[PDB]
Amino acid sequence: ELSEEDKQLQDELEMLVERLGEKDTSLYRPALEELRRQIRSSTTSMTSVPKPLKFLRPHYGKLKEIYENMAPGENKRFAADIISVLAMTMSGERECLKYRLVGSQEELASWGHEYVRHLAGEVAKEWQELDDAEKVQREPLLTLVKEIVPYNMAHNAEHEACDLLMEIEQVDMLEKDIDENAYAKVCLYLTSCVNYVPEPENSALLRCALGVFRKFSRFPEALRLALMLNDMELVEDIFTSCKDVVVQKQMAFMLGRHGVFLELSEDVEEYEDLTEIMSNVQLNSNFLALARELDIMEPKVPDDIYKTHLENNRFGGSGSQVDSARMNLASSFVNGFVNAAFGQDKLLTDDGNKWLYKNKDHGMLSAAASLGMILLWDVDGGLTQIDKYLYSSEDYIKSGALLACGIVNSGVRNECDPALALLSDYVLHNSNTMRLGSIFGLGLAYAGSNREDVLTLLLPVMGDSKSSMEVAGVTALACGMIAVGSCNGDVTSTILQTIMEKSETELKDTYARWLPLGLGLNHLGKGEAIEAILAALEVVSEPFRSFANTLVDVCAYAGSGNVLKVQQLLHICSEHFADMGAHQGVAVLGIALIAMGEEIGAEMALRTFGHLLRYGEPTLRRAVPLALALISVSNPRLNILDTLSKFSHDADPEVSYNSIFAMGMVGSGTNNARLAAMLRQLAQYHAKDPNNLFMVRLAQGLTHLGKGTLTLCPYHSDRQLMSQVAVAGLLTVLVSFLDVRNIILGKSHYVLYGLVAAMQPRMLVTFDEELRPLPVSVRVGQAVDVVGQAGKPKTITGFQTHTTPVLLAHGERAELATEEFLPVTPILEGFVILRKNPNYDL
Amino acid sequence: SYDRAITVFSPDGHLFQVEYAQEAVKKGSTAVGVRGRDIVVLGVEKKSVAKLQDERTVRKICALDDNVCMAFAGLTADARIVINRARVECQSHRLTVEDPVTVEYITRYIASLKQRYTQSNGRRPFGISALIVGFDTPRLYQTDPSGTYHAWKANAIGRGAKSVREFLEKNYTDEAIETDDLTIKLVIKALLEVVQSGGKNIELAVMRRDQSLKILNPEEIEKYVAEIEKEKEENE
Amino acid sequence: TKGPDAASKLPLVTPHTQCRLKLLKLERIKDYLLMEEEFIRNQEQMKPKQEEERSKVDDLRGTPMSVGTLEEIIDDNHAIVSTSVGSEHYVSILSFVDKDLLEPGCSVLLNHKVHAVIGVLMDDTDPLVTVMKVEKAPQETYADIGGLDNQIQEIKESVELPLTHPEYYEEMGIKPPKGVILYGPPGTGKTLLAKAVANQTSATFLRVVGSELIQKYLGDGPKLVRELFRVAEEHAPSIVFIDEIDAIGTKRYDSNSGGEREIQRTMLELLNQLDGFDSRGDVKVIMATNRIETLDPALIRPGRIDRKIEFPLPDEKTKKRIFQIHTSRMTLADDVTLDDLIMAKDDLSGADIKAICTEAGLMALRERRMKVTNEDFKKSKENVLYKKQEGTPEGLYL
Amino acid sequence: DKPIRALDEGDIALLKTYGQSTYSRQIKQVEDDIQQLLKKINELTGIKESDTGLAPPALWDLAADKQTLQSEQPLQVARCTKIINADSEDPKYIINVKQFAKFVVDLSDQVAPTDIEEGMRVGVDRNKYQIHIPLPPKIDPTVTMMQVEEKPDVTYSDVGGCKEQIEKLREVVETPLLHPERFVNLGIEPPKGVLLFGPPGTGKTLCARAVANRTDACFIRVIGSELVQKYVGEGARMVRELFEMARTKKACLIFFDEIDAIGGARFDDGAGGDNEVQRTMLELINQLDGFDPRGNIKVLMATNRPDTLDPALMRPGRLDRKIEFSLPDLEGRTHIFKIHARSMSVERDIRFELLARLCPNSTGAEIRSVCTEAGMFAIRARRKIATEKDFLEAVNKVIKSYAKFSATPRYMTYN
Amino acid sequence: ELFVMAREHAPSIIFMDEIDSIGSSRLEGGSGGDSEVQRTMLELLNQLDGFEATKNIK
Ligand SMILES: Nc1ncnc2c1ncn2[C@@H]1O[C@H](COP(=O)(O)OP(=O)(O)OP(=O)(O)O)[C@@H](O)[C@H]1O
Ligand SMILES: Nc1ncnc2c1ncn2[C@@H]1O[C@H](COP(=O)(O)OP(=O)(O)OP(=O)(O)O)[C@@H](O)[C@H]1O
Ligand SMILES: [Mg+2]
Ligand SMILES: [Mg+2]
């Protein structure tokens, strides 16, 4: 019950509210003045219970009607203020809003923080309740926001300000209202909220954050959000606005990492240095330094990688003297991938022709591509060795050499463009293998280029009726992955015409799946323009109509997180009815690629995939491991590996094959000794089937990629920056792997080399302002945010001290433990430039 | 099972009662001491006394003789007994031989007296460790409840021993003891590294060459603390 | 093989602030859960073979199925099986049974009427052991532990790093530590660290009290310990947490005490499981005890327990970290200076800091305040901290 | 002081409303329905079908299983206690049905009277209890699982510093077996039992593992948890059947690991004590030595607390030789360091004599822990070679960090 | 079993009167120690605060 002070205050409140019965002149001003005074005193204090509000439980009906009849001036406004404060505690949402709306304006700050928050919530509720039928109510709510937002800004309440500004769908005022000490908080809030908000508000929020960062001149972050938006005009605007040459070099490094090559005018000083950095010619050299820091110059051999000295030699000296072709292809992939990018191998460099001569047709192409893939990012160094094998006796393997070129020029660009020159006279080659090699090399060398000359040169291949189905598919995929995430009308129209003119009998083959691929590869991350795409694709008949629609639906929403598209895809998967299950497989890959945008969505996609596996039909069971591989590329999560190990022994050969490839992709480059042991056990168990052995050895090569210093992650910048080229590469490999026997185990091993398009390295090489390497002590650990929305860089814990260059595993980041240097980019990934601290004093 | 007598060796040759005697020192307030070219300084963590308690009787810096003083850490009564015995022995040495007692000799006597209480059963070892500073040449020695003495350029015993010594080794430089004020400031900083009250719980005694003791009043110590704070204010 | 049964956990939703970002992440979780529900509801709804297989096998075996113990395998289809009543029967082994699974002492499903071997029971796990397995991972994570960097690093190198990165251990040649005892004063973070590692680990986790592994009947104690460790072996990557090992880890000594000798037999079986004849495999053991000096040396010796992680009373930096973590969900005022609580020598542990925060919240609620102040924390310090009586000697030492 | 006022319902409503409620209600409801949804999924799947012995369809494919079920009949196992032999024409047979009862039955016409000898176990029909089939003699399952049948990979070169212990062990468990002629010529009966005792981790179980590794005879690793049975006298019967199985094998080896479990001291002042465990220990005592000579059964026993053993068991007629494992000397500790650092990726300049001298009173297990900790230190800072400083830090972390409280100021007492 | 019943009937309040009997200061080994009472002590201590967090139990 009450107290003496409480009872006296209750009596005073009751007297003040009861005096309003009649219309005496000295009632409305005195009583409302007293109520205003008490309410303001209680509300403008600590969060203590508002004692006047607790005591006040009257009815305002008489108060509302008298409001209607008495004092059209300020007294009704005082009454409105009082009833608004009273109804903030009660449930009078619309009335409580309109009391502040039409009553005494004064200011929302004069009431209290809680009153401001409640008014903000009610304003958001009304705005969501108000449609475009009338804009009369919108303007006063906007005026309320005009004062609500600065209140939150000045009282560290940026949460409510940002939320309200997202409800009203208007975010322009953040440009003119954000302070120096609060830009990071709101910017991080937006860059985290963009992933979960659906279309089209995510793009508006992204451009709002872009404008904020431009206003505060945080140019690297502006570049990050510009690549998030995937629009070149604002990237060019940021490039022009960058007046600091060190920031220019940093943004060139990040552009090269993302693979975005924008033409630079000669008006910008130091054009040559920026161009050569963006071409990423230096990377290999740094990689070499990397390797000579870890004493891993010496390349490995497949015999030691398989560890034959440990396998139980049940048949000794009688069952291993025969060298089958398929195991030779697997050993080529191993003695490639494992030793790749180190500039040397002990079996393909000194005994090349002898090795290649024990391969047949497809083995020739695979080994020729692996010869270039054993030396990465050295265009001249790679081609100096590739030319002789291009001059080979078996001119059919010439195409393979082109792959080598295309696999050597990957991740780099030259002014003279050796790849374009070398393949310009070979693209029009009538031989199917020659044209295939030419187009594949051109695509791999020019991933993400979007250069009009190469696209125009690739156009006539689609209209060539002579060109075979697999030539058409490889051409379509190369065109798509040269024009990743651009919605190029030229390529879209060309592929649409090619598929429209294609016959059903010729469409029934597996390679026709690669026709939507490039089309889909033209529309990565842009789901707005795909209504016309689906309308155009609706002309073709089912089932391939549904197949193409599903594939373009995946490609449109790559990482979008649109749960409605995932619901449609899950409905497709759950429909229990050969080619009919292709739709379900593509939809499963769609759930994977949409959910990999967000960590939460991905981890729930894990549970959905488990449910699909334990309760799905054979086609879904085959499809899921590819999805699991897509979800966690180069992220050896133990639960995923355990599920894949459980299903590697399944009685369905396709399911086991897909599970093995999922081991290879998920644990790629992590050098996981547990994964290596499990793969050795799988090789021992599957020692009889050539296909299982081939794919398990491929998985071992993938997991020993670069001796553990290479990753296939399509994500960068704390996994927030997507990579269109890498996403394209994994998409091609996975959709080809939807049919392992006909494509992977058939005539199309070269498709595996598309993963090298996604081949991106991990280091911590630190450069000075002049780009010389600089050893800096670095604190490396997990980025587990021990705070909420404090704006912290996840507050790296699990500390370990390192000297650069350093190797960072997936999910573990780094920070500068020394204040002597300041990084231009606060995200310590890849090559960075540290400016000497001017604030530090000796 | 081998720690209930002073004359029993442990199976690994440990005199456990002697080792236990050092915990009494470990329970005492920190006493720091350094030697300079012309001065020997020694500060003491002077823990706050009760409101009604007279602090005159609570003395940790005691002068064994006009040329040598001593600050203990450990049991107070054992410290009183040891200090009285040291004074008597120094006077007796001055009586037998004309020249005054050297700080090394008085430290040797104190160490031998402490040892002779650890050799016999039915005689509790002294639970104090002492810092003895004097001129003969400025010399600083430290005793031990075990009965071992050592010569130091700088110690600190008592509650803060590892921390204050850790501060001391990378602070005792040639220029640090170049000036008498510099040496006293070094002692003040070393004591402030442990005594986290400032001024009110710091008592420093300085003995200059061929001079007498001078307990620093809580205004000169306040001035030195202010100077140290001003010097450390260069961080900003 | 029977790979690990890792506990399931929902993704962490951060920030923990009551903002729209938390709403969006939680609604994404709800979306995906509803997707799973829709799929799992329409799966069996659209299900239109093996039914003949079931109608034959189940009819042949019939219900109920008795559970007996295999004793002898006489022929390829005849076995001497002992029923639970201890009566042996020479019964037949039906065709639909894997002859390689039958081993002496195995649990075998028999027909109710003719007791013929109709199948083999695989698990036959003691209910007191299957309850030790953790199904719901605890919510406490490594981000909820203030300070304790050395202890967390040691425990990660022991039980976490070998699972994720065995490459280092295999390359250098070390066998990773397979036993850790978390010892220290109570309320320092031992059980909290066990909760955190259980949350983080991808391996199966078994939680034991060090006293539920003790049974009434004479031989069921060591048998239960053996069953628990065998279950840990089954799910190969395993972590066996035995809180309060003091209950059984006490030092061996000679007395009549007919129950104490069984106590010592149980602890002897435990140490045999830890390191005795035959290898232990890839199962780690985490042990916690307030008093370690009272433990038997043969239990905490290296090889059985490789690491002894000390949990001291938190220092100033650690205490400040605890206060920052445990008031993160609070709404602190501007007049609050947590430092005064962190300083002084109250010898307050992490649990003490948690209680201080809770009591400060209660003090604020007493004044009808949802935001705490410095005065509330000061009152809570004296209100809660009154734990020890004297713990100190008199003014002997100067 | 001012008493705390109660919290009225209006106050509760205000505190739970006058604050964050824009998203608090929605967040809480979403969390609650998330928990309910998780419960729904778990319930709706909720099977995890238990594995049962269902063979592959091609394995059985037998419609005659029902014919076997109905035609063949179950038989209860019972040992023929006695042959009555009334007139050698209606002989009668007294059988004992385990615990059910005892009966006087006759054989079925299928079997011959000469094929059913006294004392063997036979199958009887459940209705007329008539003998139907002779059975092989009972072999306890757990007793046959007590055998090792899988030699561990611990050789004798992995036990350093115990040369005398190894030689005395091989003198009792290996030499009298491989070359018995070296003893009968001198008329010496070699000891038939060895008690391995010493500090924990000194290498008793390691030496037992080596013995089992190169035994070449029947090795039985007795489990101390199985001699301890729920029912009265079952542990004694366990010992009897174990010794009988050992006697069936030619010159078997038995290793009672951790003998303190069932080798306590007999007593009666405790008003009952164990009794059953004491009875099992007494039967083991009887089997070891006494009437009914044990035979060629050399017995291995290990315990790192031997003072609690029964003096009857400790008597040198059951455990004749008492091999003691002591803390290794400097040379032995160097040997252990070299053994345990053999496979490590360490430097070639490591002075292992220094490390051995730095661990005065340390068992071999502590040396192994020191090596592992040196590797861990070399891993923490990611060096691929473990240097001498890493080993010194490991020695400090393992030995000195937990040895005693003799701090450096207290360690200044020695020079 | 007491704590499992309290959880199954949650919310619940457990009143443990005269906790000196089981609850007193823990002893070392040796024949003097009660041991089993300390075992019940440790089980109760973990039950009310251990690896598994009690909900709505006071
Ligand atoms: N370092 C710490 N960081 C954060 N919270 C801590 C820390 N130490 C203790 N706590 C808090 O104290 C609570 C109780 O501590 P905990 O359960 O870890 O006890 P303990 O150390 O295992 O003690 P006992 O000897 O009783 O088993 C934890 O739930 C946690 O919230
Ligand atoms: N001489 C040695 N050489 C090498 N390793 C040794 C040696 N002595 C002991 N060890 C190591 O000690 C480890 C554990 O010792 P062990 O299992 O023999 O203990 P125990 O003394 O029998 O103890 P318990 O009292 O538990 O029976 C072994 O794994 C082994 O690596
Ligand atoms: Mg605990
Ligand atoms: Mg042992």
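All chain A residue numbers match Swiss-Prot; in order, they span 44-620, 644-908.
Backbone N, Cα and C define each Cβ position, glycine as well.
Taken verbatim from Swiss-Prot:
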MOD_RES   A:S147  phosphoserine
MOD_RES   A:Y194  phosphotyrosine
MOD_RES   A:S361  phosphoserine
MOD_RES   A:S363  phosphoserine
MOD_RES   A:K551  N6-acetyllysine
REGION    A:708-903  region 'Required for interaction with UBLCP1'
REPEAT    A:409-442  repeat 'PC 1'
REPEAT    A:443-479  repeat 'PC 2'
REPEAT    A:480-514  repeat 'PC 3'
REPEAT    A:517-551  repeat 'PC 4'
REPEAT    A:560-589  repeat 'PC 5'
REPEAT    A:692-723  repeat 'PC 6'
REPEAT    A:742-757  repeat 'PC 7'
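Counting residues 6+ beyond its ends, the repeat 'PC 4' (A:517-551) has Cβ neighbours under 8 Å at 273, 479, 482-483, 485-486, 489-494, 497-499, 501-502, 504-506, 510, 557-569, 572, 576, 579-580, 582-584, 587, 591, 645, 790-791, 793-795, 798, 820, 823 in the same chain.
Summarised by DSSP class, the composition of the repeat 'PC 2' (A:443-479) is 21 helix, 0 strand, 16 coil. For the repeat 'PC 1' (A:409-442), the partner stretch with the most Cβ pairs below 8 Å, chosen from A:480-514, A:560-589, A:692-723, A:742-757, is A:480-514. For the pair formed by the residue listed as 'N6-acetyllysine' and A:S147 (phosphoserine), distance between Cα atoms is given as 73 Å, rounded to the nearest Å.
Cα separation, A:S361 (phosphoserine) to the residue listed as 'phosphotyrosine', rounded: 84 Å. Counting residue by residue with DSSP, the repeat 'PC 3' (A:480-514) contains 24 helix, 0 strand, 11 coil. Across the structure, A:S363 (phosphoserine) and A:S147 (phosphoserine) are spaced 93 Å apart at their Cα atoms. In this structure the C-alpha atoms belonging to A:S147 (phosphoserine) and the residue listed as 'phosphotyrosine' are separated by 18 Å. Packing around A:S147 (phosphoserine) is summarised by its Cβ count: 20 other Cβ atoms lie within 10 angstroms of its Cβ, all protein chains included. With respect to Cβ neighbours within 10 Å, the modified residues A:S361, A:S363 differ, and A:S361 shows the lowest count. Every protein chain shown contributes to the tally, and the Cβ of A:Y194 (phosphotyrosine) ends up with 18 other Cβ atoms within 10 Å. Assigned with DSSP, the residues of the repeat 'PC 4' (A:517-551) fall into helix, strand and coil as follows: 26 helix, 0 strand, 9 coil. The helix, strand and coil residue counts that DSSP assigns across the repeat 'PC 1' (A:409-442) are 25 helix, 0 strand, 9 coil. Under DSSP, residues within the repeat 'PC 5' (A:560-589) fall into helix, strand and coil as 16 helix, 0 strand, 14 coil. The DSSP secondary structure for A:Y194 (phosphotyrosine) is helix.
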